[PDB]
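For reference, the chain that follows is the form deposited in one PDB entry, supplied as C-alpha cells.
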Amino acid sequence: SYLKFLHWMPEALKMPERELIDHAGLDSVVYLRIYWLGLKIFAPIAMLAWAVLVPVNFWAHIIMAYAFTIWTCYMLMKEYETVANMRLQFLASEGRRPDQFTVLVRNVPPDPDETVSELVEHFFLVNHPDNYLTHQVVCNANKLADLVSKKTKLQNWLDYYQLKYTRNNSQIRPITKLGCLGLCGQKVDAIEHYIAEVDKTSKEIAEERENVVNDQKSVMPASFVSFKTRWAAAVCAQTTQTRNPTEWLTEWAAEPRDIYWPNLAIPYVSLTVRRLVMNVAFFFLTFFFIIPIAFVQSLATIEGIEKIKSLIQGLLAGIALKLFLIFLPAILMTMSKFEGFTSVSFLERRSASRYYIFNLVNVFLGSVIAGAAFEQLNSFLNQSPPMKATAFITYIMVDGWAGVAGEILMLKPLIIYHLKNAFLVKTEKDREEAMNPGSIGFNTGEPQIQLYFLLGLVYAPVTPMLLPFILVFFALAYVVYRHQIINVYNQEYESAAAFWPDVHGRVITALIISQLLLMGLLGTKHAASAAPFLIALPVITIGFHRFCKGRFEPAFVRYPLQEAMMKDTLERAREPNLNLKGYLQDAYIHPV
C-alpha cells in the first residue's frame, strides 16, 4: 500500500552509511554512491540550465558548457576521494581471506623432468625464500564439475516426476537428440530421469574423479602460490618474477569464492587467438542490433499511420529496444567467459565495458541514423544492381523509471518464471529453484547509469528537460536500491570498490563525448571564437582524469605495503598463535 511504500522509504533512510558498509558491504555502498554522485552533478547543472537556457532562449551555451564540466569534474574528484578512503579503511578493518596471502602463477614453463608442482616449489623457494608457504596446483576439473552438475540436474528434474503421484509417474519422453528427432522423443522409460542416467552419471563422476586425481594432465600449467604474510604476497603480486615476460606470471589471486574455475584451464597461447575472435564478434553484434531497432521502429510508425499519441509512439519505440537489450545483458557475460578471464570480478567488469561501447554506438551516436543511412545505400544498390532528445526523454520514462519500479516489485524473478513458462514443456520446469539474489548488478546497473550520464551531460547545454527527468531516476534509484541493499540484495564476491576506476573512466568518456559533440552543434557557423573555446574543454577533462588517476586510482590497483604490514602486525598481536598453512593449503584446489 501507499503507506507501506512510504514506510520502507524512511526506514531505508534511517540507516547510517558505515553501518551499511558492514551490513551489506563496500561494493554495494559505493555502487549506491554512483546514484548519489549523479544527484550531485545533475542537480546544480539543471539549476543553471533553467536560468541561462529557458529564460534566454550562442556564447552562453559555451559558457554553460564550461560551468557544467567544472562541476561534474569537481564532484568526481570529491567522490573519488570518499571511495578511495572507504576502500582503504575497509581493507584495513576486514577479516581474513585466503586471497590476501596468495598469487596465481600463470604460465609455468615446460619441464621434461618435473611436474608443474615440483617446478613451482623450486622456483618459489629460491626466489621468495622466507615467505613461501604452500602452492596449490590448479587442475582441469571442469569435466568432473559438469558430470556433478548433470547428476543433480537429472535427480532434481525428475524428482518432480517421481513424487508427483509416485508409482509409475508420468513417463514423459522429450527429445533424446534434437538433431535426430524433432519435437520430442520416445524414451518413456522410468522415473528419476531414467534412473540408468543418474546411475551412469554417478559412474562417470567416479570415472572422472579417478582420472583427475591421478593423471598429471588435469593440473594446468599454473599454481596458486601462497605466502606467510600479506606483505609478502603483495610483494610477489607487484614484482616481475623472471626474464621471460611470458612465463611465471604472478598476479593477485582472488577470493576462492570468486574464482571462475572453468577458465583456469586455457593455455596462455590460446588466450590471444581467442581474444581476437571475441573482439570481432562484439563488432558484429553492435551493428546488428542497430537494424532490428530501425525495422521495428518502422513497423511502429506504419501501424500508427494505419490507425498523447506522439508520446505513445515514443514510449513504444522506447520499449522494443528494452526486450532486445534484456537479451543483450544476458550475452555480454558469455562473451567475456569465452575470452578466458579467471574471476567473476573481471568477467563482470568486462561485460560492463563491452556494454558501454554498445550503448555508445547503438543508443546515442551511431544509432538509428547512420545504420539506416547505410541501409538506404544498400537499398539503392538493390534498385540498381545527437539523435533526438525527445526519444531519450521516453527512454528515461521507461528504461530508468520502469527499471526501478520493477526492482521494487521484485517481479523480475516472476518474469524469470514467466520465461520458464514461455519455454514450457508442460506448464512448469524442474524442481531446481535458483533464486539467490546475486550482485546488485555491475554488468547491468552500471551500464545504465553511465548511459544516462551521457544523455544528461550531452543534452544539458541543448535541452533543459532531460535533466529534470534524469534526476528523478537518480533519486528513485537511490531509495529503492538502498532498500534492496539492506533488505534483499546480498553479494557474491568482495572486490571492495575495485570497479570505481572503471566507473570514473566512463563518466570522463561521457564528458569528452559531450564536448566533442557540442563542438559540432556549436562549431559549424556560430562563431570562429566559440570553436576554440570548445576545443580546450576536452583537454581540460583529460587533464583532470589523469590527475585523479594518479591521486586516487592507486588505492584500487595497488596494495600499500605499509597497510599490509599494519594488518599483519595487528592480527599477529590479537591472535598471537595462529596457523596459516591450514587456511591456505586447502583453498585453491578445484571445489570438486
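Between two forms, the rigid core is the largest collection of C-alphas that superpose within 1.5 Å. We number the residues from 1 along the sequence you see.
In the record comparison, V344 is modelled in each of the other entries of this protein that model the residues flanking it, with no third of them omitting it. Of the other compared PDB entries of this protein that include residues on both sides, at least a third leave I312 without atoms. According to the entry, the stretch of the deposited sequence that connects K307 to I308 contains 10 or more residues lacking coordinates, which leaves a long gap in the model. Per the record, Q562 and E563 follow each other directly, and no deposited residue is missing between them.
The form deposited in another entry is left out here; the points below concern that form.
When the two forms are superposed on their rigid core between this form and the one not shown, the C-alpha shift of 2 Å or more among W157, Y260, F282, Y417 belongs solely to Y417. With the core superposed, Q297 shows a C-alpha displacement of at least 2 Å between this form and the one not shown. Here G179 counts as shifted, since its C-alpha moves by at least 2 Å between this form and the one not shown after the core is aligned. Once the rigid core is used as the reference frame, the Cα position of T427 differs between this form and the one not shown by 2 Å or more. Between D399 and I416, the Cα distance is greater in the other form than in this structure, by no less than 3 angstroms. Put simply, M435 and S351 spread apart in the other form: their C-alpha atoms are 3 Å or more farther than in the form shown.
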